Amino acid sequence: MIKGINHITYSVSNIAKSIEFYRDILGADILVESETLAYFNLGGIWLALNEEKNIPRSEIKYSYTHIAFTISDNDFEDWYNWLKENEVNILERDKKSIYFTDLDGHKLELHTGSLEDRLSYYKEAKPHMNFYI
């Protein structure tokens, strides 16, 4: 049986610059680094970067695939301004969300809502969906 999330690994083109992004902009706590890998604690999640210099990274911009992290409604504005302050690549009852990318186009989200919030909205607005809970 799958017991929980273990780790998130991102392929990056420049470990040095990507480390700066995750550490200095998202506040990830660096644990180890070499020339080709870095590990972080980001919101209690084991984050790993592995440098891959020469792989194709053209198609990633087309996919809605992403990982959302939790922030407070209280820190929403503060995050938005900090990301804007840092020339971060921000993308344009659902609750609030900021979408952005790291340096290699990996889509990330800061979200203030819960699974319960989203289920309740869908029960009200979209009762034509199938609900199992």
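Don't overthink the numbering: it's just position in the shown sequence, from 1.
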With respect to the deposited sequence, is there a break between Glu92 and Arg93 in this entry, and if so is it 1 to 3, 4 to 9, or 10 or more residues, or none at all? 4 to 9
If you average the CA temperature factors as listed in the entry, which stretch comes out higher, 49 to 57 or 64 to 72? 49 to 57
Do the C-alpha atoms of 20 to 28 or of 5 to 13 have the higher average B factor in the entry? 20 to 28
For the chain shown, is the CA B-factor of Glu77 in the lowest, middle or highest third of its modelled residues? highest
Third of the chain's Cα B-factor distribution that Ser97 belongs to, per the entry: lowest
Ranked C-alpha temperature factor of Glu109 among modelled chain residues, by third: lowest
Would you mind checking where the Cα B-factor of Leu103 ranks among the modelled residues of its chain, as the lowest, middle or highest third? middle
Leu83's Cα B-factor: lowest, middle or highest third of the chain? highest
